[PDB]
Amino acid sequence: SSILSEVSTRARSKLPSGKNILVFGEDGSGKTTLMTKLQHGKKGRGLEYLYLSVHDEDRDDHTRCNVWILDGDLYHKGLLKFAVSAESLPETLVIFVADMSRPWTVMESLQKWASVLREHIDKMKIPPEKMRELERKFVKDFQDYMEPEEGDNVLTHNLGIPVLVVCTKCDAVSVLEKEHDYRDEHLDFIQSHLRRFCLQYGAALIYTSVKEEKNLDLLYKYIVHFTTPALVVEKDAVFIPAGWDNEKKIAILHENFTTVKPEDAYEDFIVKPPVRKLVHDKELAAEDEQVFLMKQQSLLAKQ
């Protein structure tokens, strides 16, 4: 009656299921423009869903890669519940997006978003305890595969699942050195911290710009199931796939006159345009007076 229905359900297996993406939209930074360059109503609510259904390596078999874009911080945790389930967990390509117009934001705000998801790990994954004892070992599998066939040990992190740190607004390099960069220290230090962040986080570092770098879908399609050779060469736009690291190449990079590993220069680039000034500010507390007070004060002034 239904035995052959069982066999019929077992006929084919070329069925890539419901894929998910959790990008972290960060105050403009071309995020609406990021999906626009990829493929827009308005961006004021956050959790602005998008669905990707792109080429399934030979045709498009509706690679149903559901996107999610949050922006701000006002309790959007429940929205993450509406974006992260218990079965969503494998196909969870989280993408951290930040600009270059404000690189200092990126430096800390990445950890802001990160800590939000660290909470969400211990807030939503606390009931599924099977992927604790399973996915941590699967991450021990997974991050051993982070490094080979690309082209030992590092002080990596606790976060391990398919993760990725991207950057945006990079075609503003000359605009920023035109304003205040004009120093290889500023260019090397940020990349050392970024590539450093990604290698610790068990992720990779990717850049993009206005009308540039279609290297995005390569790693996602490549991972969410087409490979590509890396670049740290141009240094005006960088692509770091996972496993193209060490803790020495970058050490030589932040050595070439770059104030060797400064743990205060966060204020250097977190001081040029964020501690620029305030043009439109009206904190004056201008004027206000009394009646009776002035009257009797003039009485004392009457002598």
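What you see of chain A is 37-75, 79-190, 216-289, 296-373, where the numbers are those given in Swiss-Prot.
Going by what the header records, the deposited coordinates were determined by electron microscopy, 3.4 Å.
Including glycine, each Cβ sits where the backbone N, Cα and C put it.
The ATP binding site feature in Swiss-Prot is assigned to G61, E62, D63, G64, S65, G66, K67, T68. Around the Cβ of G61 (ATP binding site), 23 further Cβ atoms fall within 10 Å across all displayed protein chains.
When the neighbouring Cβ atoms lying within 10 Å are counted for each of the binding-site residues (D63, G66), the highest count belongs to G66. The number of other CB atoms found within 10 A of the CB of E62 (ATP binding site), across every protein chain shown, is 24. Across the unmodelled segment of 3 residues, the C-alpha atoms of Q75 and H79 are separated by 9 Å. The ATP site is defined by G61, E62, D63, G64, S65, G66, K67, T68, and by the 8 Å test on Cβ atoms against their centroid, the other residues of the chain that qualify are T69, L70, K82, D110, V136, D138, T232. Comparing the binding-site residues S65, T68 on other C-beta atoms within 10 angstroms of each C-beta gives the minimum for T68.
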